[PDB]
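So this first bit is one chain, no partners, the form deposited in one PDB entry, shown in C-alpha cells.
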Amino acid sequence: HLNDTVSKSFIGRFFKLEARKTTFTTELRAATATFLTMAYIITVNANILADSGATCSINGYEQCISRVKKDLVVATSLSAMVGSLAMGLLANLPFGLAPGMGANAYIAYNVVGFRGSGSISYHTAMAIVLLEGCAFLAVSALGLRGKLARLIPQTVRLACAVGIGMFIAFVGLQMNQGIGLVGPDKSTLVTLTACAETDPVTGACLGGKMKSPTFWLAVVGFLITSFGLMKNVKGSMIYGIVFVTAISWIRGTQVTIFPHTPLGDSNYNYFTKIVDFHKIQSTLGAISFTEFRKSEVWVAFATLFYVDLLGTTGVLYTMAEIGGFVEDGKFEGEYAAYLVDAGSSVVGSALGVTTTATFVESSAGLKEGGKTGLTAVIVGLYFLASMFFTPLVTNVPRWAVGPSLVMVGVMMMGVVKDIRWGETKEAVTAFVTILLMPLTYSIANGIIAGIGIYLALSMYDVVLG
C-alpha cells in the first residue's frame, strides 16, 4: 500500500503520479541505474581538473595537488546535485544533469595546459565558463534554443549520442584514467600495450604485452559487471567496482594503491577514518576578470560558445525523444528545461567545475520506465552521499572505473539502429560524426564535421530552393 497511500498526498499531485502513471517500486530504485551509471564523474572529473591544478601555482604534489583533488571531488558532487535537484523540482523530467566530459579535457589541456603550461590561467578559464553560462541564460530566456532544437537534423543528433558513448569508452582504455590497454607507437599511432614495466611519462613499454597484473583485475571487474547485468540484478555497476576496490585496498600486493612512498602513507593515513566532511576551502570563488583584455582569451570563447550551444541542445531533445515525451515537435516543461541547463552552469563556475551538459545516461533509467519526476530528485539526493564519504571516494584506484566507463559506451549503442543507413545523403554524415569523435579525442570535432558535411551536400537543393 506504499503506492496506494502516497497517491493521496501532495507528492502524488505535484509530480502528477496519476497521469503518465508509474509506481514507487518502479521509481525509487529503478532509477538508481542513472546514479550507478553517472557515479564515475565524481572521480574522473576530479582527476582531469587535478593535473591542470587551478590552485597553488608555481609561486608540491603532497600539499597542493591532494588538497585540490579533495576540494574538486566535493565541488563535482555538489554541482551535479544542484542541477539534478533543479530539474526534478520544476519541469518534471527524468534527467541527470552533471558536469560533462567534453569540456574537461579541452580546458585542462588545450586552454590551461598541463600543470599550468599554457598562456591562459585559472582566472580567465573559469571566467569564460561563467560568461558563457550567463550568455546561455539570455539565449534560453527569449526562447531561441527552443526553436533551434528542432533545426538540427535527426541523424546528426543521434550520431552525436553514439559518438559520445564511443569517446567515453575510448577515454577508459588509455593509461591516464583507464585500464591501460592503448598506448603510443611510432609507425602507427595506437597499439595494445598492457605492459607491466611502464615508463611513468607515457604509455610506452619496457617489458609487458599483456602480463600486467592490474589489467587482469579490471577485466575481472568488467566480467562481473557484464554477468550481473544479465539476469537483471537490481544494481551491478557498483558490484564490479567494490570488488576491485576492496582487493586493491589490501596492503603489500603488487596491485595496491597504498605504496611505501612518503605520499602513500598520507592517503592511507586519511583512509583510516571512514567519515569526513572537508568543506571546500581553496576552490570556491577564484573568478577574476583581469586578463580578458587581449585577443587570446576572446578566441577561446568563440570557439566554445557555438559548439556548446550545438552539442548540449541536441542531447536534451534526444533524451526527450527516447522517453516519448515529444509528440508534435514540443514537450512539456521545455521552457524551464532549457533554462535549468544554463542556471546549473553559472552556479558551477563559482565552485570550480566546468560546464554542465545534461548527462546522456538517463537511457538506463528510462529503460526501466521513469516517466514522471521524482527521478532527478532521487539522483540529487544520492549525490548528497558522495560528499559525506570523501575518504572512500578519493581513494578509488583509477583502474576501477574503466570497466564502468566502457560499459557507458556499450549501453549507448542501441540507438544506432534508428539511424537511416539506407540512404547515402543521411549516412555519410552519421558515419563521419561517429568516427571523428574517438580518433580525434574531442567531441567538439564531431558536431562541427557533421554539420559541415550535411550543410555541404545539400546546397544544390538550397541554391535551387
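We call the rigid core whatever largest set of C-alpha positions still superposes within 1.5 Å between the two forms. Residue indices: 1-based, along the sequence shown.
The form deposited in another entry is left out here; the points below concern that form.
Notebook entry, point to check: In a fit on the core, which one among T390, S248, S282, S121 has a Cα that moves 2 Å or more between the shown form and the other one?
Noted result: Only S248 moves by 2 Å or more at its C-alpha.
Item checked: Distance direction in the other entry for the C-alpha atoms of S442 and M38, relative to the displayed form (3 angstroms or more) -> They are farther apart; the C-alpha distance rises by 3 Å or more in the other entry.
Next item on the list: Have a look at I448 and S344: in the other entry, are their Cα atoms closer together or farther apart than in this form, given the change is 3 Å or more?
Entry: Farther: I448 and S344 separate by 3 Å or more in the other entry.
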